[PDB]
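The data below hold one chain only, encoded as structure tokens and taken in the form solved without this ligand.
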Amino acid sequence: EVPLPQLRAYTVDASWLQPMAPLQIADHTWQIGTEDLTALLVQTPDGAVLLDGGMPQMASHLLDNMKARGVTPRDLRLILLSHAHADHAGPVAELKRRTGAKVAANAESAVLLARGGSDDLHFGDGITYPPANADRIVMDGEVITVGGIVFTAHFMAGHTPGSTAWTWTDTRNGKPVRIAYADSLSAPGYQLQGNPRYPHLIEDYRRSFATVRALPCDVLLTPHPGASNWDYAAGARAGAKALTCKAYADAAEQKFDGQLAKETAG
């Protein structure tokens, strides 16, 4: 007699769960997640913004890094997301419970967040996390202003329907730095062609490559730092090899075309 399988936890490479101290990106922007998952803290006279949180178990670590930076729980005002998968929005519910923070997201991201990533178009219930609800729904190109830092949403559907790039301008060595936090452009294990749950997947990815190519982009960051050739563990040279937005888009498109060809052959 054979039981049903046990539930399988969402396990990841150790580096994704390896805590790091805050790594400064620009004057008010810091990487505060793990070595291999981005979680960006933007500090303002008017409160802090967090872009992504990483995995569900990262909440306390994030709060510790925030504290190191002079940001108390009450100080966190806003949470923004690249996309609502467990490896990026994992600790949002907990952060909302433990801080002042409100979440802004597009409708697709909000619906996926509210189901804790369950019934994923591709993953089913394989990769889930505690559900959270959005406080504010944003539209494509909508801005959110926090202490004169303007964050702009750029939809780039594909990896998830609600995938978003967030752009803002910080400063460094006395000059403006246009930061582009571009979402994932991967399609890991996805059925790309004739997917009944996502009929226009290919078209969306193609538009998203073009969107990423054109972002205002002095510095690119990505949810998985490796995708943009960041090495958070490399200290002073963490961002030295970072791709441009143009190079990131091109690499992703070339990879996508390869995947299409292999799928046709499979």
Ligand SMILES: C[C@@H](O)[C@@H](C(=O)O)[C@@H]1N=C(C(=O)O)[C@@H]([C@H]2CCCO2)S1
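Residues carry their position along the shown sequence, with the first being 1. What we label the rigid core is the largest C-alpha set whose atoms superpose within 1.5 Å from one form to the other.
Here 21 to 29 and 8 to 16 are scored by the root mean square distance of their C-alpha atoms in 6 other deposited structures of this protein, with each structure fitted by the rigid core; the higher score goes to 8 to 16. For the pair 199 to 207 and 42 to 50, the record assigns the higher mean C-alpha temperature factor to 42 to 50.
Checked against the record, the higher mean CA B factor of 128 to 136 and 146 to 154 lies with 146 to 154. The PDB entry assigns its highest CA temperature factor, among 94, 108, 119, 170, to 170. In the PDB entry, a CA B factor belonging to the lowest third of its chain's modelled residues is recorded for residue 82. Sort the chain's modelled residues by C-alpha temperature factor and residue 163 lands in the lowest third, per the entry.
Residue 141: CA B factor in the middle third of modelled residues in this chain (values from the PDB entry). When the modelled residues of the chain are ordered by their C-alpha B factor, residue 225 lands in the middle third. In the deposited entry, the Cα temperature factor of residue 32 sits in the bottom third of values across the chain's modelled residues.
In what follows, reference is made to the form solved in complex with this ligand, a form of this protein that is not presented.
In this form the binding site remains open, since this ligand, overlaid from its pose in the entry with it bound, puts no atom within 2.4 angstroms of a backbone or C-beta atom. Although the partner is absent from this view, residue 186 contacts this ligand in the entry with it bound, with a non-hydrogen atom inside 4.5 angstroms. Among residues of the shown chain, residue 224 is one whose heavy atoms approach this ligand to within 4.5 Å in the entry with it bound.
Using a 4.5 angstroms limit between non-hydrogen atoms, residue 192 is distant from this ligand in the entry with it bound. Put simply, residue 127 is close to this ligand in the entry with it bound: some heavy atom of it is within 4.5 Å. No residue in the set 204, 209 and 256 has a non-hydrogen atom no more than 4.5 Å from this ligand in the entry with it bound. In the entry with it bound, 83, 85, 87, 88 are the residues of 82 to 118 with at least one heavy atom within 4.5 Å of this ligand, listed from first to last.
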